[PDB]
Every structure is written in C-alpha cells, then in structure tokens.
C-alpha cells in the first residue's frame, strides 16, 4: 500500500529553523515528484515547492525562496523539508504529497505540526469557578504549550462534564476551562475537585471548587 509517514510535532522559537521528514512506502520513491503544502491552524492550504527525487532539483514558491531547502534520501525513501528563520506566521501543519501528475496529489502524509512561538514552557494557573442543576468549573489559565488534561474527583465524576478546547491569547499563552453540571442539592454535601495536569511543564494541580455565599 502506498503510504507517506511524517515526523513528529515540533515547537520552535522565532529565528530558528525546523527540518521535517517524509517517509515513502508502497511505491518507487524516484518515480514521482514530491510536493510540500502547509496549512495554518484554521486556514487553507498553501503550496511551497516540489522536488525531483532523481536529480535533487527543486522549485520553491517565490514566497519561500531563500528560506526553504528541500532534500531527499533515496536509500531510505525519505524527503526532507527545512524552513529557516521561522516566524510566528509559519505556525502550520506541514504536509508532504506525491505529485502523480499536475495537481493530482495522492497520497498525502499525515502532516507535521510546527509551532513557532517566542513563549517558553510554562505551567498553568488553576482558578476555581464557584457555583451560583448547578454549574461549577476550573479555569486553566496561561500555559504553554499544548496539551493539558482535566478530570473531576480523580475521574469519579464523569457525567455532565464538559472540558472546552483551549484558546490562544495575544500573549502567546493558552487558556482552558472545564465545567461540570451537578445536582443543585449536592453542593453543600459532595466535594468537587478538578485534576489539572500539564505534562509539558510537569505540573499537576488539584483545586477544590466550593460554592461562594
């Protein structure tokens, strides 16, 4: 079966460089051109260039001329993409695709996430969202990078729980919230604790949400 497998996700500082690899299988590597297309988070697809696996010849989009370098290793059937002098707007998912013609890209790689940010790895600050059926939650504030995990009562309270996707502030830090719907009668009885865990910074926080009178 024809397959393209790419390297793992990466986090980078501006000014640095990143090198992504694309492993080919199920076909002769030199038989087809290899194209690279990137996709900003929540945006469209953008072509970057193609490489000739037989001559090593390339053709980059003028937008990236001088910053991209595309190479290959036919021995291990792998194509490489290196982008230097990274900036914040280089944050995207980078795909490799087998040309198979003009614009007949098939198949595609699974994609590689390259996050370019000047922010450093930082654990979150957890704030309890007091109840006022009742809604209570925990505010996971100012962390980098993704991800974080949240559970309630060490996993005991599992129903009525909704942990929302994170947002990216103007500061470059992520924030997240997790609210759980519980019976209004069991507020002065049951104890509710959110179990926030941020493995990138090796941070763990247990915060109890108490109703404010």
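Positions refer to the first chain, counted from 1.
In terms of unmodelled positions of the deposited sequence, the stretch from residue 132 to residue 133 in this entry skips 4 to 9 residues. For the pair 79 to 87 and 97 to 105, the mean B factor over Cα atoms is greater in 97 to 105.
Look at the mean CA B-factor for 43 to 51 and for 170 to 178 in the entry; the higher one is 170 to 178.
Looking only at 189, 21, 202, 17, the residue with the top Cα B factor in the deposited structure is 189. When the C-alpha B-factors of 69, 30, 59, 151 are ranked from the entry, the top spot goes to 151. Per-chain ranking of the deposited C-alpha B factor places residue 116 in the middle third. Ranked within its chain, residue 164 lands in the highest third, by CA B factor from the PDB record.
Per the deposited record, the Cα B-factor of residue 126 falls in the middle third when ranked against the other modelled residues of its chain. When the CA B factors of the chain's modelled residues are split into thirds, the value for residue 139 lands in the middle one.
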